[PDB]
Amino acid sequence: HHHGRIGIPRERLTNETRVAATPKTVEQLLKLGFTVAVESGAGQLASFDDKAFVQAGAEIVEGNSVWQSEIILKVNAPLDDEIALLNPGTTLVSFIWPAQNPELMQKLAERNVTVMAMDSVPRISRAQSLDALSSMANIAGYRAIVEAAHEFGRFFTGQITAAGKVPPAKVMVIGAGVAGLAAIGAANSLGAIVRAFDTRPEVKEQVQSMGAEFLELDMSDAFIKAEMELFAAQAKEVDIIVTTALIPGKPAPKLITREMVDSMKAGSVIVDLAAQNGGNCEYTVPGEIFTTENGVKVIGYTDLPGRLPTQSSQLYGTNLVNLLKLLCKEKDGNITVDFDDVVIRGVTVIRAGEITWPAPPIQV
């Protein structure tokens, strides 16, 4: 028996580099009164070796041995042959995406387990410390710029050289949510001249506070036309475009057309952070870099957080710790679900074998 033990399995999803705990989060989990079993090699792709987990106080296990834990933390939802190894009474925490996965939901319910979906955390301010989506979008903004710099053939950073002045790169960020603000931030660190647009005017003051230009137009379309004319104008002026625009519950809006890209200066780069939802850019090939005929690199990776695995695992694993701080107020290795707390109600999609998703309507 393994009450109060958390099992951290190796991620089985193709090309996943992240892990749901790091040596550091493990020290934190033990402070909450749990024990931790990590499956051998779980952290290798994220640069956390077996020995560092053992040094943090975890036990390395080999088999399905990790599944004999009372609690399982993962990045991705379990596959069929994992689901069958979940014992009754187990609490599983991972990304689930219940709306897009009704059969997964039924198979978990049948194991008589509790499930909290890290995608279903309500976006209220007190829940920010558990919000994995913000965590990942933040990494992705940062990484977007790291990829852009990697692919770009000029200095990002302005500079006085004996062989001439070099101007700074000009970067347009589309969407100044969590990812777009991270991208602004990264680009600023490299000394770029940054411009941003968002439809939500309330971000104006954060964007300008970062030394970036908040772009203005000349809603509900024909607002789109003035937005597209802005992006067409900007596309001929800038070197780098980072596009991050999603609308909850929809495909990704085409904001950057083939004609906009075609007008850009050769050697320009586009990082399309909405690629997994189809991309903001018409040239985007999800999963790849596409190079246009005029010499523009369109970056469409769908795994920017997995291209920064150590940092992603750290922050995600902190998200899970912070969720467990809610569930284990006494620090005694025991989980208590409180449906009066709207945060816990949001996140809990199965409770001991009963589907509890969707949560009652909330005001975010």
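All residue numbers are counted from 1 along the displayed sequence.
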query: Residues with no coordinates between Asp218 and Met219, taken from the deposited sequence as a class; finding: 10 or more
query: Stretch with the greater mean C-alpha B-factor as recorded in the entry, comparing 182-190 against 282-290; finding: 282-290
query: Between 350-358 and 17-25 (mean CA B-factor, as deposited), the higher; finding: 350-358
query: Candidate set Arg143, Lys170, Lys250, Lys74 [ranked by C-alpha B-factor, highest]; finding: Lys250
query: Highest-ranked of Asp131, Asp262, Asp272, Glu151 once sorted by CA temperature factor in the record; finding: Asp262
query: Entry-reported Cα temperature factor of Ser94, expressed as the chain third it lands in; finding: lowest
query: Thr257 CA temperature factor, ranked by third within the chain; finding: highest
query: Cα B factor band for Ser69 (lowest, middle or highest third within the chain); finding: middle
query: Chain-wide C-alpha B factor ranking for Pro305, given as lowest, middle or highest third; finding: lowest
query: Ranked C-alpha temperature factor of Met118 among modelled chain residues, by third; finding: lowest
